[PDB]
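Summary of the model geometry
Listed below, chain by chain, are the residues.
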Amino acid sequence: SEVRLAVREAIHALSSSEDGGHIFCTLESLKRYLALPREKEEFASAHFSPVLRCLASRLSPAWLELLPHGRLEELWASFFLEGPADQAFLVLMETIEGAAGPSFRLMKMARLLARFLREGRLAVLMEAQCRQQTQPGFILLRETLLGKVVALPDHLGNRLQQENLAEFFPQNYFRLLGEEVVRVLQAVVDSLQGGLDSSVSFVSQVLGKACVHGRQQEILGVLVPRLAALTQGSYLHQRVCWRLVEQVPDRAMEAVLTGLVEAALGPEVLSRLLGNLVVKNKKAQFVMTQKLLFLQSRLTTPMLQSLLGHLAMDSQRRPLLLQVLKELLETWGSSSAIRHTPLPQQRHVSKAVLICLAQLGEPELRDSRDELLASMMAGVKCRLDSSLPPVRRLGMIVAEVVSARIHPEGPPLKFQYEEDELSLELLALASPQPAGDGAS
Amino acid sequence: XXXXXXXXXXXXXXXXXXXXXXXXXXXXXXXXXXXXXXXXXXXXXXXXXXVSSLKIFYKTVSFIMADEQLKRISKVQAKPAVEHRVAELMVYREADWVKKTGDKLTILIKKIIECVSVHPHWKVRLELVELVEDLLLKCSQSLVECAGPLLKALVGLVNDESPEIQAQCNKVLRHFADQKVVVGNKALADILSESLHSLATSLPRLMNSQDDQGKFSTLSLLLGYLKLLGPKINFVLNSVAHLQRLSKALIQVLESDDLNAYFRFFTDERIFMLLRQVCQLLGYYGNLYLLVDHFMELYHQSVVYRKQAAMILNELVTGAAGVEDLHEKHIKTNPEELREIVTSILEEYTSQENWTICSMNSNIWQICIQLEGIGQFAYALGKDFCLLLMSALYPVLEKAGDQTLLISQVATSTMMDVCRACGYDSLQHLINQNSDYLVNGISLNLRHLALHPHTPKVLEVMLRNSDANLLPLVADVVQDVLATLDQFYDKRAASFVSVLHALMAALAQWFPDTXXXXXXXXXXXXXXXXXXXXXXXXXXXXXXXXXXXXXXXXXXXXXXXXXXXXXXXXXXXXXXXXXXXXXXXXXXXXXXXXXXXXXXXXXXXXXXXXXXXXXXXXXXXXXXXXXXXXXXXXXXXXXXXXXXXXXXXXXXXXXXXXXXXXXXXXXXXXXXXXXXXXXXXXXXXXXXXX
């Protein structure tokens, strides 16, 4: 209670310096008590930031020598290295923004912040089981936490900034971030005290901004550790990783999925990590996966290979594969009907049609097949239009493919004897390997 | 013998109708004669036309013979034939309807008939009769088995919603297009309509780049054509070329004002066009996710394409609400998906909107359209806006600020909207509803989120507030707010906020109140402390207001308060500083002899100011406000004089100074009206009773 006055007295002593003994005693005493937390919260920030400012920006490079008995800088740091969780990082960032000089404590400030990160970087994540707060605060906190790299040399970018950032500028910092989210994930996993998802939610909000600017560092150096820490009977690990990939802020939901499928090992492990519902529970993910199917293509030879592979894998129990087949074929009939997209997307949706055509074995092989066959042949007839044979080429090859997997009896064999030897089926650009792929 | 030939033809048709062979096909030859004859009521007899293979061969002959038929229709389009229009139209209708069943290779005849129909499309509403005819013509044609020319025909069958009287016929026809005349499950008409709509949505970059009211024709064609595809647009949306072209088009049309419950901007100078456009974007309620996503993209893309996309998104969600009706065998969206979409769009809007004068009013347009968007979101999503109250409360409430008319008007409208949609009853009352959220939010903002101008939110929540029954909770935070720019007290955006909150608390405690005592005590304390600043008359204003409110039971606080205050004032006061004199007049509320001696020193100092109107009237009203027992100041005023005249402290001060008989001031110098000087009269009259 009365310590608040000491607090005043602290900032009094702190503002009435040159009294080496008094300041040493008051600072070491305050550190000693750095159960009621309310006044400890006002101390945790509303005394923390003033002492931080006035002891880092106000005092000249002579305080450290006022009492050089190896304790002044010690207590200086031990104020900012541990203690109150959140406001430390905040005031540190705000200062290093404001405190932008050539060098007064600049290098020492960097040493402070680094040595904080290096040991105990969680410091916020584990203490995320909070009730609720203001949203622009979250905004500033997370944006800083995820833009620190670029934020640093803005205030001072030079040879000194270079030697500061010639070992970990990128390629080590996000490596830290990834390591730390690994640690905190596994921590909240093995906790099993009370199901938080709060640290999970916060680190997902992290993953959000990380993905939307950081391009590809965390994918492998997360999933391979996630693969490992999930492969066992990992009830808590699997469930927490599910809830982590799930509640990713729907704002992006796309860079997350793009990276998560791009560098992933294979269809089985991708299907193991996401979750049976993560594609059939968050409709935004429906839209992401099947817009990647329809709209765009990124690498698509191994990439969409794996993506549709996981589509089928997950659909080991999802009767959603037939619906996506029908929609795919309908889009094929429309694109063959309407002034079409350029050839890249054409080959793209072609390969997609093939790979999804892999899975089969069911009733209804009466009418969907009729509409597909008729539309495709009627288009491919005139598709060349004395314009560009490749387009025509495309159709005829899927002709064989559809012939292979529409009703394998009778007339298709005639195709095998007519539209496979004297029907321009000679080029080897990308005809043979996808043809073989057609056999699932 | 013109009457003879007339009666002969008439009685011949009559004998036919009284009576009704391969060679009867030569009958059509006379129909050729009947096709270009004197034409009193000629074509009537033709009506004798109508396992029907005999009818089929007759129809072969009639397909060969419809040449003169179409020729006569074009003649009606050129020559008068002002009534035979319906005749020939029904003739062609019956003929072309008589044959599409089976075993009808007829591809040559098909192409010939398509040519003929394209020619006949040259008829459009000569009068009520021509429109009425073409209506049933399209009705019967499009309902036929299968062809490929109707791509043109059906087009005009949708744009026929522009007539003067027969509009009900076209509407009821489009109604009829439900299960028989379908977009439905006949891919041919669908793909032909898609091919049309593609060139359509590739033209509007140019079509609206010309004079007015001709664009309305094209946009109306567009809106109707979409109305055709009520459901089943995902069958044409899914193609990426479609979405790309349509989006890129619409981005340029919308980019000259707007109103509340959408209007476009430069180069769209008519308003009904804008209502039709917002009705056509609202037309999209087939699928949501694709649309909202592809348009959030266009928002994130650049700066010059933002406001357009914002207005788009507003129109799209409002359409997703649901107010007319289309083909009513389809399905509608879901409330939870609505929740997802609204959460996303609102989060992006809020986080993106918190801040070259051209660019300044550009940002003004940005924040305005985003506020209006929030309003529409409340309007459509009226009920389920309860899970996300605070997410909409905080942003615009903090935004309810500098721009009173535009920004704060749209704000107020949005808040009363969320009230009337969620039952919150006079948005001021919403502060009396859930408030601890606001309390803790403002607190933690000012406590950690320091470096950001969260200045006026406290003003909105305490000066424009409701009854102060919640200040007893706010007090400590108020106290904290007091200490806010009083612990470090080195920040411009914090000292300005301190002065602001000072004015606000002063006004509130003035009105709301009439605890508060010590509140005002520390208030005046900090205010007077900071008063030593530069260009801070707000300190004087707050001082005056508080002091006015602080004089009910101010036993000793006010005493030493005013002591130190007037001390610093005399230290400083040496042009609107007379407001402090008004504060002194406010001090005149309960001033005493201490204030008397203070005013005496004040008059002694002001004597240094010469005897030299605006300032004369200011000092006059200052003296006349209280005139606290002027004795030496009596002579000072004594050594035009409206105030000093109106003093009237006695009948001896100015009266002696009223012996001038001068030119100008003498007119008012002798203006004594009443004497009332009978004191000694009654004093002695006390000796006439007892």
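1. Details of the overall build of chain B
Of regular secondary structure, chain B possesses 35 helices and 0 strands. For 690 residues, the compact-globule estimate of 2.2 N^0.38 gives 26 Å, and chain B exceeds it by more than 25% at 44 Å. Overall, chain B is about 150 × 65 × 55 Å in size when its C-alpha atoms are taken along their principal axes.

2. Regarding the overall build of chain A
Helices and strands together make up the secondary structure of chain A, namely 23 helices and 0 strands. Scaling as 2.2 N^0.38, a compact globule of 440 residues should have a C-alpha radius of gyration of about 22 Å, whereas chain A reaches 31 Å, well beyond that. Its C-alpha atoms put chain A at 100 × 50 × 35 Å along the principal axes.

3. Considerations on unusual backbone geometry
Residues other than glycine seldom take positive phi values, yet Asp-385 of chain A does so here, at roughly 50 degrees. As for its position among the elements, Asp-385 of chain A is in the loop between α20 (368-383) and α21 (389-404). Positive phi, normally seen in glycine, also occurs at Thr-267 of chain B, with a value near 75 degrees.

4. Quick notes on the interface of chain B and chain A
On the chain A side, the residues contacting the 27 residues of chain B number 31 residues. Top contributing element to the side of chain B that touches chain A by residue count: helix α22 (residues 436-447) of chain B, with 5 residues. Partitioning the side of chain B that touches chain A into residue classes produces 12 nonpolar, 10 polar and 5 charged.

5. What to know about the domain arrangement of chain B
For chain B, the assigned domains read domain 1 (182-325) and domain 2 (435-567). For domain 1 of chain B and domain 2 of chain B, the distance between their C-alpha centroids amounts to 53 Å.

6. As for the environment of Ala-284 of chain A
Its place among the elements puts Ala-284 of chain A in helix α16 (residues 283-294). Sequence separation between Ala-284 of chain A and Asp-314 of chain A is 30 residues; the distance between their C-alpha atoms is 17 Å. The contact partners of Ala-284 of chain A, leaving out residues within four places of it in the chain, are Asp-250 and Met-253 of chain A together with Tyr-289 and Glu-340 of chain B.

7. Examining the domain arrangement of chain A
Along its sequence, chain A is carved into domain 1 (1-119) and domain 2 (319-440). Averaged C-alpha coordinates put domain 1 of chain A and domain 2 of chain A at centres separated by 71 Å.

8. What to know about the packing of helix α1 (residues 3-15) of chain A against helix α3 (residues 38-58) of chain A
When two helices pack together, their arrangement is given by the angle between the helix axes and by the axis-to-axis distance. All names here are of chain A. Between α1 and α3, the least distance of the axes is 10 Å, while the angle of their chain directions is 5 degrees. The angle between the axes of α1 and α3 places the two elements in the roughly parallel class. When α1 is examined against α3, the residues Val-3, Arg-4, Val-7, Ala-10, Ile-11, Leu-14 and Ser-15 are found in contact with a partner set consisting of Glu-39, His-47, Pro-50, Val-51, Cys-54, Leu-55 and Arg-58. Here the contact of α1 with α3 is built from residues that sort into 9 nonpolar, 2 polar and 3 charged.

9. Re the packing of aromatic side chains
Consider the rings of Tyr-173 of chain A and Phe-174 of chain A, whose centres lie 5.7 Å apart with planes at 80 degrees: the pair is edge-to-face. Seen from their ring centres, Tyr-349 of chain B and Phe-377 of chain B are 5.9 Å apart, and the 20 degrees between their planes marks the pair as stacked. Following the ring pairs from residue to residue traces out a cluster consisting of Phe-48, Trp-76 and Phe-80 of chain A. The residue whose ring lies beneath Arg-142 of chain A is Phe-138 of chain A, and the NZ or CZ to ring-centre distance is 3.7 Å. The ring of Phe-415 of chain A carries the charged tip of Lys-414 of chain A above its face, separated from the ring centre by 3.8 Å.

10. Structural notes on the pattern of salt bridges
All names here are of chain A. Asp-250 is paired through a salt bridge with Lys-282; the nearest N and O atoms lie 2.9 Å apart. With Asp-250 in the loop between α13 (235-246) and α14 (255-262) and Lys-282 in the loop between α15 (267-274) and α16, the pair connects residues that are 32 residues apart, well separated along the chain. For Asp-370, the salt bridge is made with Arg-369, and the minimal N-O distance between the two is 3.0 Å. Through salt bridges with shared partners, a single network forms among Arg-175, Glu-179 and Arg-183.

11. Brief notes about the packing of helix α11 (residues 198-213) of chain A against α13 of chain A
All names here are of chain A. Running from N to C, α11 and α13 point in directions that differ by 50 degrees, and their axes come no closer than 9 Å. Comparing their axes, α13 and α11 come out oblique. Once α11 is placed against α13, the crossing between them reads as right-handed. Within the contact between the two elements, α11 uses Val-200, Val-203, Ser-204 and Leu-207 and α13 uses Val-240, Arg-243 and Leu-244. Residue classes in the contact of α11 with α13 are distributed as 5 nonpolar, 1 polar and 1 charged.

12. Re the environment of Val-391 of chain A
Residues and elements named next belong to chain A. Assignment of secondary structure puts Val-391 in helix α21. Residues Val-391 and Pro-342, spaced 49 residues apart in sequence, show a C-alpha to C-alpha distance of 9.2 Å. When sequence neighbours within four positions are dropped, the list of residues in contact with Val-391 reads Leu-343, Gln-346 and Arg-383.

About the thresholds
Residues numbered from 1 in each chain as written, not as in the entry; some residues may be left out. Chains lettered and ligands numbered in written order. Part of a larger assembly, values for the part shown. Heavy atoms only, no water. Residues with missing side-chain atoms left out of burial classes, pairs and counts. Helix = DSSP H or I, 4+ residues; strand = E, 2+ residues; numbered from the N terminus. Rg over C-alpha atoms; globule rule 2.2 N^0.38 Å. Contact = heavy atoms within 4.5 Å. Nonpolar A, V, L, I, M, F, W, Y, C, P; charged D, E, K, R; others polar. Domains from an automatic or database assignment. Axes fitted to C-alpha atoms, helices over the stretch in contact; angles between N-to-C directions. Parallel < 35°, antiparallel > 145°, perpendicular 65-115°, else oblique. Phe/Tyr/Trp six-rings, centres within 6.5 Å; stacked < 30°, edge-to-face > 60°. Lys NZ or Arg CZ within 6 Å of the ring centre and 35° of its normal. Salt bridge = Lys/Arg side-chain N within 4 Å of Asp/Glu carboxyl O. Left-handed = near helix turned anticlockwise from the far one by under 90°.

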